[PDB]
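S.K.: Structure file upload-v7.cif (mmCIF, C-alpha atoms and all ligand atoms) is given on the next line.
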data_query
#
loop_
_atom_site.group_PDB
_atom_site.id
_atom_site.type_symbol
_atom_site.label_atom_id
_atom_site.label_comp_id
_atom_site.auth_asym_id
_atom_site.auth_seq_id
_atom_site.Cartn_x
_atom_site.Cartn_y
_atom_site.Cartn_z
ATOM 1 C CA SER A 1 35.605 6.071 2.156
ATOM 2 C CA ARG A 2 33.511 9.216 1.830
ATOM 3 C CA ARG A 3 36.018 11.135 -0.242
ATOM 4 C CA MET A 4 37.329 9.218 -3.216
ATOM 5 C CA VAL A 5 -2.170 -7.795 -22.978
ATOM 6 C CA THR A 6 0.977 -7.516 -25.111
ATOM 7 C CA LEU A 7 3.775 -5.806 -23.199
ATOM 8 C CA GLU A 8 5.926 -3.072 -24.696
ATOM 9 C CA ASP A 9 9.726 -2.856 -25.021
ATOM 10 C CA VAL A 10 10.476 -6.415 -23.891
ATOM 11 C CA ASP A 11 13.968 -5.944 -25.362
ATOM 12 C CA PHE A 12 14.688 -3.682 -22.391
ATOM 13 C CA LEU A 13 14.309 -6.613 -19.982
ATOM 14 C CA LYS A 14 16.305 -8.953 -22.227
ATOM 15 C CA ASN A 15 19.154 -6.409 -21.986
ATOM 16 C CA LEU A 16 18.962 -6.735 -18.177
ATOM 17 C CA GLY A 17 19.003 -10.547 -18.027
ATOM 18 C CA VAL A 18 15.391 -10.789 -16.871
ATOM 19 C CA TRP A 19 12.050 -11.807 -18.335
ATOM 20 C CA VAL A 20 8.410 -10.925 -17.764
ATOM 21 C CA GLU A 21 5.194 -12.890 -17.413
ATOM 22 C CA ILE A 22 1.620 -11.712 -16.981
ATOM 23 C CA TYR A 23 -0.571 -13.546 -14.471
ATOM 24 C CA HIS A 24 -4.295 -13.510 -13.981
ATOM 25 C CA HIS A 25 -3.851 -15.075 -10.548
ATOM 26 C CA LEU A 26 -0.822 -16.077 -8.573
ATOM 27 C CA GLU A 27 -0.136 -19.787 -8.203
ATOM 28 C CA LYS A 28 0.635 -20.913 -4.618
ATOM 29 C CA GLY A 29 4.438 -20.767 -4.773
ATOM 30 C CA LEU A 30 4.641 -17.428 -6.550
ATOM 31 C CA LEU A 31 1.995 -15.955 -4.236
ATOM 32 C CA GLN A 32 4.366 -16.627 -1.357
ATOM 33 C CA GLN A 33 7.327 -15.110 -3.250
ATOM 34 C CA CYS A 34 5.456 -11.903 -4.075
ATOM 35 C CA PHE A 35 4.280 -11.696 -0.477
ATOM 36 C CA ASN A 36 7.915 -12.002 0.631
ATOM 37 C CA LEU A 37 8.905 -9.067 -1.554
ATOM 38 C CA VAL A 38 6.020 -6.889 -0.339
ATOM 39 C CA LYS A 39 6.788 -7.733 3.291
ATOM 40 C CA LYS A 40 10.532 -7.125 2.918
ATOM 41 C CA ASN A 41 9.975 -3.772 1.228
ATOM 42 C CA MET A 42 6.926 -2.483 3.052
ATOM 43 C CA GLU A 43 6.469 -3.923 6.559
ATOM 44 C CA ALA A 44 8.044 -0.965 8.368
ATOM 45 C CA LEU A 45 6.004 1.556 6.376
ATOM 46 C CA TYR A 46 2.783 -0.358 7.076
ATOM 47 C CA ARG A 47 3.654 -0.628 10.784
ATOM 48 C CA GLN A 48 4.127 3.142 11.259
ATOM 49 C CA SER A 49 0.901 3.930 9.366
ATOM 50 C CA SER A 50 -2.688 3.949 10.648
ATOM 51 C CA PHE A 51 -3.293 0.885 8.465
ATOM 52 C CA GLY A 52 -0.935 -1.406 10.371
ATOM 53 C CA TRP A 53 0.578 -4.648 9.091
ATOM 54 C CA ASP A 54 -0.895 -8.141 9.258
ATOM 55 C CA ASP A 55 0.800 -11.005 7.428
ATOM 56 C CA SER A 56 -2.459 -12.922 7.067
ATOM 57 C CA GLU A 57 -4.322 -9.817 5.864
ATOM 58 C CA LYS A 58 -1.800 -8.833 3.208
ATOM 59 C CA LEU A 59 -1.802 -12.430 1.967
ATOM 60 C CA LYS A 60 -5.592 -12.562 1.530
ATOM 61 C CA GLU A 61 -5.478 -9.248 -0.314
ATOM 62 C CA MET A 62 -2.959 -10.549 -2.824
ATOM 63 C CA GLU A 63 -5.199 -13.559 -3.522
ATOM 64 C CA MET A 64 -8.127 -11.360 -4.617
ATOM 65 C CA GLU A 65 -9.455 -12.434 -8.003
ATOM 66 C CA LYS A 66 -9.581 -8.883 -9.336
ATOM 67 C CA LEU A 67 -5.817 -8.369 -9.106
ATOM 68 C CA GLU A 68 -3.678 -8.938 -12.202
ATOM 69 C CA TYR A 69 0.085 -9.372 -11.902
ATOM 70 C CA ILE A 70 3.015 -8.317 -14.077
ATOM 71 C CA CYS A 71 6.030 -10.295 -12.800
ATOM 72 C CA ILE A 72 9.743 -10.050 -13.612
ATOM 73 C CA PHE A 73 12.179 -12.938 -13.018
ATOM 74 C CA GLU A 74 15.979 -13.288 -13.209
ATOM 75 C CA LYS A 75 17.116 -15.424 -16.166
ATOM 76 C CA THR A 76 19.958 -17.094 -14.288
ATOM 77 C CA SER A 77 18.281 -17.812 -10.924
ATOM 78 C CA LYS A 78 14.663 -18.030 -12.209
ATOM 79 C CA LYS A 79 13.751 -16.149 -8.998
ATOM 80 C CA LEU A 80 11.199 -13.334 -8.721
ATOM 81 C CA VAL A 81 12.910 -9.937 -8.620
ATOM 82 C CA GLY A 82 9.897 -7.642 -9.057
ATOM 83 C CA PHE A 83 6.241 -7.149 -9.902
ATOM 84 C CA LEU A 84 3.373 -4.744 -10.378
ATOM 85 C CA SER A 85 -0.209 -5.623 -9.413
ATOM 86 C CA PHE A 86 -3.402 -3.783 -10.358
ATOM 87 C CA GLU A 87 -7.171 -3.894 -10.766
ATOM 88 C CA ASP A 88 -9.428 -2.389 -13.426
ATOM 89 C CA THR A 89 -11.956 -0.281 -11.609
ATOM 90 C CA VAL A 90 -13.699 3.058 -11.179
ATOM 91 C CA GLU A 91 -12.645 5.847 -8.790
ATOM 92 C CA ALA A 92 -14.957 8.809 -8.217
ATOM 93 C CA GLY A 93 -16.640 8.204 -11.558
ATOM 94 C CA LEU A 94 -13.342 7.855 -13.430
ATOM 95 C CA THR A 95 -12.330 4.641 -15.193
ATOM 96 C CA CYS A 96 -8.899 3.624 -14.000
ATOM 97 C CA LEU A 97 -6.171 1.124 -13.514
ATOM 98 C CA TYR A 98 -5.610 1.064 -9.770
ATOM 99 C CA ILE A 99 -2.091 0.078 -8.806
ATOM 100 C CA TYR A 100 -1.859 -2.056 -5.673
ATOM 101 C CA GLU A 101 1.839 -2.834 -5.665
ATOM 102 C CA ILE A 102 4.965 -1.908 -7.464
ATOM 103 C CA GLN A 103 7.816 -3.804 -5.884
ATOM 104 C CA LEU A 104 11.421 -4.315 -6.933
ATOM 105 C CA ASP A 105 14.077 -6.250 -5.133
ATOM 106 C CA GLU A 106 16.828 -3.949 -3.860
ATOM 107 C CA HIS A 107 19.482 -4.934 -6.399
ATOM 108 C CA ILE A 108 17.367 -4.098 -9.445
ATOM 109 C CA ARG A 109 16.112 -0.680 -8.325
ATOM 110 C CA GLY A 110 17.402 2.450 -10.070
ATOM 111 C CA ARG A 111 17.826 0.766 -13.457
ATOM 112 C CA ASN A 112 14.593 1.972 -15.126
ATOM 113 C CA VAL A 113 12.670 -1.257 -14.342
ATOM 114 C CA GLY A 114 10.232 0.700 -12.183
ATOM 115 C CA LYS A 115 9.703 3.015 -15.121
ATOM 116 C CA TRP A 116 9.286 -0.026 -17.360
ATOM 117 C CA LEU A 117 6.564 -1.537 -15.162
ATOM 118 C CA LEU A 118 4.749 1.765 -14.660
ATOM 119 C CA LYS A 119 4.898 2.653 -18.369
ATOM 120 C CA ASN A 120 3.511 -0.761 -19.359
ATOM 121 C CA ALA A 121 0.747 -0.470 -16.761
ATOM 122 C CA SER A 122 -0.143 2.927 -18.173
ATOM 123 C CA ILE A 123 -0.172 1.594 -21.737
ATOM 124 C CA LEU A 124 -2.347 -1.369 -20.773
ATOM 125 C CA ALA A 125 -4.790 0.963 -19.033
ATOM 126 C CA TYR A 126 -5.114 3.214 -22.074
ATOM 127 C CA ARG A 127 -5.685 0.228 -24.369
ATOM 128 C CA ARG A 128 -8.419 -1.012 -22.024
ATOM 129 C CA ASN A 129 -10.108 2.401 -22.271
ATOM 130 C CA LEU A 130 -9.163 3.170 -18.670
ATOM 131 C CA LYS A 131 -8.552 6.897 -18.597
ATOM 132 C CA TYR A 132 -6.582 7.217 -15.353
ATOM 133 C CA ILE A 133 -4.029 5.494 -13.153
ATOM 134 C CA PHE A 134 -4.728 5.625 -9.405
ATOM 135 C CA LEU A 135 -2.756 4.529 -6.372
ATOM 136 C CA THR A 136 -2.300 5.027 -2.654
ATOM 137 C CA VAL A 137 1.142 5.962 -1.286
ATOM 138 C CA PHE A 138 2.502 6.441 2.253
ATOM 139 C CA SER A 139 3.564 10.027 2.951
ATOM 140 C CA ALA A 140 6.609 8.571 4.728
ATOM 141 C CA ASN A 141 7.693 6.680 1.578
ATOM 142 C CA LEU A 142 9.635 9.639 0.156
ATOM 143 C CA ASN A 143 11.413 7.770 -2.660
ATOM 144 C CA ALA A 144 8.134 6.406 -4.053
ATOM 145 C CA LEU A 145 6.411 9.737 -3.572
ATOM 146 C CA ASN A 146 9.029 11.512 -5.730
ATOM 147 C CA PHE A 147 9.101 8.646 -8.224
ATOM 148 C CA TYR A 148 5.370 9.082 -8.795
ATOM 149 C CA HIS A 149 5.664 12.861 -9.001
ATOM 150 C CA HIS A 150 8.168 12.451 -11.825
ATOM 151 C CA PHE A 151 5.556 10.474 -13.744
ATOM 152 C CA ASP A 152 2.947 13.198 -13.346
ATOM 153 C CA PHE A 153 0.902 11.749 -10.470
ATOM 154 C CA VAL A 154 -0.820 14.447 -8.411
ATOM 155 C CA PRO A 155 -3.171 14.278 -5.409
ATOM 156 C CA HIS A 156 -6.755 13.419 -6.236
ATOM 157 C CA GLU A 157 -9.471 15.668 -4.769
ATOM 158 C CA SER A 158 -10.260 12.708 -2.497
ATOM 159 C CA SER A 159 -6.700 12.628 -1.091
ATOM 160 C CA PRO A 160 -6.196 13.650 2.561
ATOM 161 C CA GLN A 161 -4.576 17.111 2.856
ATOM 162 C CA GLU A 162 -2.054 18.676 5.196
ATOM 163 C CA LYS A 163 -3.747 20.922 7.766
ATOM 164 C CA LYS A 164 -2.505 23.314 10.459
ATOM 165 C CA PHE A 165 -4.638 25.169 13.060
ATOM 166 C CA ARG A 166 -3.949 28.144 15.345
ATOM 167 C CA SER A 167 -5.355 25.910 18.118
ATOM 168 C CA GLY A 168 -2.084 24.009 17.706
ATOM 169 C CA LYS A 169 -3.778 21.045 16.109
ATOM 170 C CA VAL A 170 -1.636 19.807 13.237
ATOM 171 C CA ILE A 171 -2.866 17.133 10.893
ATOM 172 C CA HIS A 172 -0.319 15.195 8.881
ATOM 173 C CA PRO A 173 -1.923 12.472 6.822
ATOM 174 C CA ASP A 174 0.032 9.200 6.587
ATOM 175 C CA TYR A 175 -1.066 8.524 2.988
ATOM 176 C CA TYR A 176 -2.025 10.257 -0.245
ATOM 177 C CA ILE A 177 -4.314 9.222 -3.077
ATOM 178 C CA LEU A 178 -2.578 10.042 -6.339
ATOM 179 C CA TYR A 179 -3.670 9.870 -9.948
ATOM 180 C CA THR A 180 -2.680 10.752 -13.470
ATOM 181 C CA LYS A 181 -4.022 10.180 -16.981
ATOM 182 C CA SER A 182 -3.086 6.929 -18.716
ATOM 183 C CA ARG A 183 -1.105 7.236 -21.957
ATOM 184 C CA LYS A 184 -0.141 5.002 -24.887
ATOM 185 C CA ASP A 185 2.762 7.129 -26.167
ATOM 186 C CA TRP A 186 6.065 7.003 -24.262
HETATM 187 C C1 LIG B 1 9.288 2.707 -6.260
HETATM 188 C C2 LIG B 1 10.126 1.865 -7.234
HETATM 189 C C3 LIG B 1 9.244 0.734 -7.869
HETATM 190 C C4 LIG B 1 10.691 2.751 -8.361
HETATM 191 O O1 LIG B 1 11.618 1.949 -9.109
HETATM 192 P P1 LIG B 1 13.092 2.437 -9.315
HETATM 193 O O2 LIG B 1 13.961 1.343 -9.836
HETATM 194 O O3 LIG B 1 13.743 2.844 -8.055
HETATM 195 O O4 LIG B 1 13.091 3.679 -10.325
HETATM 196 P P2 LIG B 1 13.480 3.671 -11.881
HETATM 197 O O5 LIG B 1 14.962 3.488 -12.009
HETATM 198 O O6 LIG B 1 12.854 2.562 -12.623
HETATM 199 O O7 LIG B 1 13.043 5.132 -12.366
HETATM 200 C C5 LIG B 1 13.271 5.604 -13.699
HETATM 201 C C6 LIG B 1 12.794 7.034 -13.712
HETATM 202 O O8 LIG B 1 12.210 7.403 -12.425
HETATM 203 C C7 LIG B 1 12.894 8.581 -11.945
HETATM 204 N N1 LIG B 1 13.012 8.445 -10.531
HETATM 205 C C8 LIG B 1 13.171 7.311 -9.865
HETATM 206 N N2 LIG B 1 13.205 7.523 -8.509
HETATM 207 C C9 LIG B 1 13.059 8.903 -8.308
HETATM 208 C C10 LIG B 1 13.033 9.764 -7.122
HETATM 209 N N3 LIG B 1 13.172 9.229 -5.834
HETATM 210 N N4 LIG B 1 12.881 11.080 -7.328
HETATM 211 C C11 LIG B 1 12.757 11.608 -8.541
HETATM 212 N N5 LIG B 1 12.781 10.849 -9.679
HETATM 213 C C12 LIG B 1 12.915 9.506 -9.577
HETATM 214 C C13 LIG B 1 14.189 8.589 -12.697
HETATM 215 O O9 LIG B 1 14.505 9.912 -13.000
HETATM 216 C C14 LIG B 1 13.907 7.932 -13.974
HETATM 217 O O10 LIG B 1 13.350 8.928 -14.854
HETATM 218 P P3 LIG B 1 14.019 9.333 -16.157
HETATM 219 O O11 LIG B 1 14.369 8.177 -17.037
HETATM 220 O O12 LIG B 1 13.027 10.021 -16.987
HETATM 221 O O13 LIG B 1 15.268 10.245 -15.851
HETATM 222 C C15 LIG B 1 11.332 1.243 -6.483
HETATM 223 O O14 LIG B 1 12.109 2.252 -5.902
HETATM 224 C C16 LIG B 1 10.908 0.210 -5.436
HETATM 225 O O15 LIG B 1 10.660 -0.969 -5.742
HETATM 226 N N6 LIG B 1 10.806 0.638 -4.016
HETATM 227 C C17 LIG B 1 10.437 -0.284 -3.018
HETATM 228 C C18 LIG B 1 8.946 -0.531 -3.047
HETATM 229 C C19 LIG B 1 7.997 0.656 -3.010
HETATM 230 O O16 LIG B 1 8.204 1.645 -2.256
HETATM 231 N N7 LIG B 1 6.855 0.619 -3.865
HETATM 232 C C20 LIG B 1 5.922 1.735 -3.844
HETATM 233 C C21 LIG B 1 4.749 1.379 -2.916
HETATM 234 S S1 LIG B 1 3.764 0.039 -3.587
HETATM 235 CL CL CL B 2 3.869 3.586 -0.305
#
Would you write out, as structure tokens, the structure that this file holds?
M.R.:
Amino acid sequence: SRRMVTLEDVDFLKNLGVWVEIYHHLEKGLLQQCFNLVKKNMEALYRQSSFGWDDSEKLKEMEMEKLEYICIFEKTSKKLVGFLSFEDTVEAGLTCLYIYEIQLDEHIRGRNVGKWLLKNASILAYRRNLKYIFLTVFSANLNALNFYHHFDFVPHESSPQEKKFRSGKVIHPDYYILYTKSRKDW
């Protein structure tokens, strides 16, 4: 058929039939649910990268004390449908919120929930006197790459760069390090 930590704008989620919670640490059950979303969304991308995928390794990462979680659940099912995780840190001398994950279940993508999570992360960062937002992204993840570009992320000086030599050597990095300034006004 090809030719026919007070969060902002919570009312937006209410209008979608979802709600948000902030976690300092994930409880055992929810840890497993978030892991399931990351694995479902990302396993293939991790596999094809130099980083690889290890279930046990991703799990331990998500348990790290430094990571804070913003989680969105469906009002009817009370199931997790998305989250954003981050740490407050420093990157090359710059104070930042470093995003580890932004993950949405398939059925809730493309409805401005990604924007909602990113915007709130950015606001939180600014209010914590964190001047930048940083993240890593796979070069092969084209949708995410363009999503970030739209929200003014650009490669940090520390990001790997494309390189081509007359010798025939071609270097395509499998990830970028992106950043942008945090902002309180959206
Ligand atoms: C990446 C992700 C979180 C973005 O969420 P999303 O639901 O798809 O995007 P949203 O609907 O919330 O985006 C809203 C804004 O982003 C823009 N946008 C979204 N995707 C875009 C794309 N591929 N190219 C250009 N702009 C894009 C929209 O224009 C919109 O901006 P606007 O209101 O100013 O017009 C989502 O696609 C996802 O969960 N992907 C799977 C997991 C993943 O790859 N995470 C990144 C690695 S951790
Ligand atoms: Cl990615």
S.K.: The PyMOL selection byres (((chain A and resi 38-48) around 9) and not hetatm) - which residues does that actually catch in the file I just gave you? List them as a PyMOL selection string.
M.R.: chain A and resi 33-37+49-55+58+101-106+138+140-141+174
S.K.: Hey, what's within 8 Å of residue 24 (chain A) if we count all atoms listed in the file and toss same-chain stuff fewer than 2 positions away? As a PyMOL selection string, please?
M.R.: chain A and resi 22+26+65+67-69
S.K.: Take the residues from that selection and put them in a file with C-alpha atoms, as a PDB file, keeping the file's coordinate frame.
M.R.:
ATOM      1  CA  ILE A  22       1.620 -11.712 -16.981  1.00  0.00           C
ATOM      2  CA  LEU A  26      -0.822 -16.077  -8.573  1.00  0.00           C
ATOM      3  CA  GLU A  65      -9.455 -12.434  -8.003  1.00  0.00           C
ATOM      4  CA  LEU A  67      -5.817  -8.369  -9.106  1.00  0.00           C
ATOM      5  CA  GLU A  68      -3.678  -8.938 -12.202  1.00  0.00           C
ATOM      6  CA  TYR A  69       0.085  -9.372 -11.902  1.00  0.00           C
TER       7      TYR A  69
END
S.K.: Please determine, counting all atoms listed in the file, which residue among A:85, A:146, A:122, A:15 has the shortest atom-to-atom distance to ligand LIG 1 (chain B).
M.R.: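 Closest residue, counting all atoms listed in the file: A:146.
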S.K.: Using only C-alpha atoms and all ligand atoms, which residue out of A:91, A:8, A:27, A:152 lies closest to ligand LIG 1 (chain B)?
M.R.: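 With only C-alpha atoms and all ligand atoms as the atom set, the closest residue is A:152.
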S.K.: Give me, as a PyMOL selection string, all polymer residues having an atom no more than 8 Å from residue 172 (chain A), counting all atoms listed in the file and skipping those fewer than 5 positions away in the same chain.
M.R.: chain A and resi 161-163
S.K.: Go ahead and compute the interatomic distance for CA of residue 142 (chain A) and atom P1 of ligand LIG 1 (chain B), in Å to one decimal.
M.R.: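 According to the coordinates, CA of residue 142 (chain A) and atom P1 of ligand LIG 1 (chain B) are separated by 12.4 Å.
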S.K.: Taking into account all atoms listed in the file, which residue in the set A:147, A:126, A:186, A:176 is nearest to ligand LIG 1 (chain B)?
M.R.: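 Smallest separation from ligand LIG 1 (chain B) among the options: A:147.
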S.K.: Could you check how far CA of residue 130 (chain A) sits from CA of residue 158 (chain A), in Å to one decimal?
M.R.: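 Taking CA of residue 130 (chain A) as the start and CA of residue 158 (chain A) as the end point, the length is 18.8 Å.
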S.K.: Quick one: apply the PyMOL selection byres (((chain A and resi 182) around 8) and not hetatm) to the file and drop the selected residues here as a list in words.
M.R.: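 Checking the PyMOL selection byres (((chain A and resi 182) around 8) and not hetatm) against this file, the residues are residues 122, 123, 125, 126, 130, 131, 132, 133, 180, 181, 183 and 184 of chain A.
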S.K.: Write out, as a CSV table (one decimal), keeping the file's coordinate frame, the residues just selected, with C-alpha atoms.
M.R.:
chain,number,residue,atom,x,y,z
A,122,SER,CA,-0.1,2.9,-18.2
A,123,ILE,CA,-0.2,1.6,-21.7
A,125,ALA,CA,-4.8,1.0,-19.0
A,126,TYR,CA,-5.1,3.2,-22.1
A,130,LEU,CA,-9.2,3.2,-18.7
A,131,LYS,CA,-8.6,6.9,-18.6
A,132,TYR,CA,-6.6,7.2,-15.4
A,133,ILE,CA,-4.0,5.5,-13.2
A,180,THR,CA,-2.7,10.8,-13.5
A,181,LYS,CA,-4.0,10.2,-17.0
A,183,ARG,CA,-1.1,7.2,-22.0
A,184,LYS,CA,-0.1,5.0,-24.9
S.K.: Got a sec: who's within 6 Å of residue 175 (chain A), counting all atoms listed in the file, leaving out chain neighbours fewer than 2 positions off, as a list in words?
M.R.: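 Selected residues are residues 137, 138, 139 and 173 of chain A.
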S.K.: Expand the PyMOL selection byres (((chain A and resi 177) around 6) and not hetatm) into the individual residues it matches in the shown file, reporting them as a PyMOL selection string.
M.R.: chain A and resi 135-136+155-156+159+176+178
S.K.: List the spatial neighbours of residue 90 (chain A) as a short mmCIF file (atom, residue, chain, number, x, y, z; two decimals) with C-alpha atoms, keeping the file's coordinate frame - criterion: any atom at most 12 Å away, only C-alpha atoms, same-chain residues fewer than 2 positions off excluded.
M.R.:
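The resulting file, around-v2.cif, is reproduced below:
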data_model
loop_
_atom_site.label_atom_id
_atom_site.label_comp_id
_atom_site.auth_asym_id
_atom_site.auth_seq_id
_atom_site.Cartn_x
_atom_site.Cartn_y
_atom_site.Cartn_z
CA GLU A 87 -7.17 -3.89 -10.77
CA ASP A 88 -9.43 -2.39 -13.43
CA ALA A 92 -14.96 8.81 -8.22
CA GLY A 93 -16.64 8.20 -11.56
CA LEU A 94 -13.34 7.86 -13.43
CA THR A 95 -12.33 4.64 -15.19
CA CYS A 96 -8.90 3.62 -14.00
CA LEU A 97 -6.17 1.12 -13.51
CA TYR A 98 -5.61 1.06 -9.77
CA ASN A 129 -10.11 2.40 -22.27
CA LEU A 130 -9.16 3.17 -18.67
CA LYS A 131 -8.55 6.90 -18.60
CA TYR A 132 -6.58 7.22 -15.35
CA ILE A 133 -4.03 5.49 -13.15
CA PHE A 134 -4.73 5.62 -9.40
#
S.K.: In Å to one decimal, how far is CA of residue 179 (chain A) from CA of residue 165 (chain A)?
M.R.: 27.6 Å
S.K.: When you count only C-alpha atoms, which of these residues is closest to residue 7 (chain A): A:66, A:150, A:119, A:166?
M.R.: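 The shortest atom-to-atom distance to residue 7 (chain A) comes from A:119.
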S.K.: Distance cut-off 8 Å, centre (15.0, -11.0, -11.3) in file coordinates, counting all atoms listed in the file: which residues qualify? Return them as an NGL selection string.
M.R.: :A and (17-19 or 72-75 or 77-82 or 105 or 108)
S.K.: Mind working out the centre and edge lengths of an axis-aligned box for ligand LIG 1 (chain B), all listed atoms inside, 4 Å added to each side, rounded to one decimal in Å and written as AutoDock Vina command-line options?
M.R.:
--center_x 9.5 --center_y 5.3 --center_z -9.6 --size_x 19.5 --size_y 20.6 --size_z 22.8
S.K.: Would you pick out the contacts of residue 118 (chain A) at 10 Å or less, using all atoms listed in the file, so that residues sharing its chain but fewer than 5 positions from it are not included, and give the list as a VMD selection string?
M.R.: chain A and resid 84 99 102 112 to 113 123 to 124 133 148 151
S.K.: Please determine, counting all atoms listed in the file, which residue among A:117, A:144, A:62, A:154 has the shortest atom-to-atom distance to ligand CL 2 (chain B).
M.R.: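 Nearest candidate to ligand CL 2 (chain B) out of A:117, A:144, A:62, A:154: A:144.
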S.K.: Counting all atoms listed in the file, which residue out of A:1, A:143, A:89, A:167 sits closest to residue 110 (chain A)?
M.R.: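 Going through A:1, A:143, A:89, A:167 one by one, the smallest distance to residue 110 (chain A) is for A:143.
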